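**Q** can't give you the sequence, but here's the structure:
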């Protein structure tokens, strides 16, 4: 099956409409309407480099989270009120914020998007 890192790229990388395209193309409206999702509009290498940046606590209490030194452009997709499966409707939203990701493996790469700050 896909690796967790591969899953992170599919669900979160991308180098109130835009979302509808993306939540679909990335297979996040497949079995459910995935309620919220952040896509990061920066380079793969940029986002991978965050694994060597500011070490911070993960929301689940694990210690393998990292926060980006620079702000990063990202899109938050949230699911509107009338949106129901399988016509998942999304509110595109745009920010420039630090991202936080959990990293694992050798090589040490992102495997979960934790938060943006």
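**A** Received it, and whenever you're ready, just let me know what you need. Numbers count the residues shown, from 1 in each chain.
**Q** Now residue 75: which helix or strand?
**A** strand 72-79 (DSSP states H and E).
**Q** Work out the gap between that strand and the centre of the chain.
**A** When distances are taken as Cα atoms, centre = their mean, to the nearest Å, strand 72-79 is centred 8 Å away from the chain's centroid.
**Q** Report the beta-bridge partners for residue 56.
**A** For residue 56, the beta-bridge partners are residue 65 (DSSP bridges).
**Q** Strands of the chain, residue ranges please.
**A** Residue ranges of the strands in the chain, as given by DSSP state E, are 36-40, 54-56, 65-67, 72-79, 90-91, 94-97, 99-104, 109-116.
**Q** Residue 8: which of those is closest?
**A** For residue 8, the closest of those is strand 109-116, at 4.8 Å, according to Cβ to Cβ. For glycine as for every other residue, the C-beta is placed from the backbone atoms N, C-alpha and C.
**Q** buried stuff in that closest one?
**A** Under the neighbour-count criterion of 16 or more other Cβ atoms under 10 Å, strand 109-116 has 109, 110, 111, 112, 113, 114, 116 buried.
**Q** Now do the same contact list for the closest residue to residue 24 other than its chain neighbours.
**A** Spatial nearest neighbour of residue 24, excluding adjacent residues (Cβ to Cβ, 6 or more residues apart in numbering): residue 88 at 7.7 Å. Residue 88 makes contacts with 20, 23, 24, 29, 33, 34, 79, as judged by Cβ atoms under 8 Å, 6 or more residues apart in numbering.
**Q** closest to residue 105 among those residues?
**A** Nearest to residue 105 among those: residue 34, at 23.7 Å, using Cβ to Cβ.
**Q** And the closest residue in space to that closest one that isn't next to it in sequence, how far from residue 115?
**A** Nearest non-adjacent residue to residue 34, counting by Cβ to Cβ, 6+ apart: residue 28, 4.3 Å away. Counting by Cβ to Cβ, to the nearest Å, the gap between residue 28 and residue 115 amounts to 18 Å.
**Q** Repeat that for residue 4.
**A** Counting by Cβ to Cβ, the gap from residue 4 to residue 115 is 18 Å.
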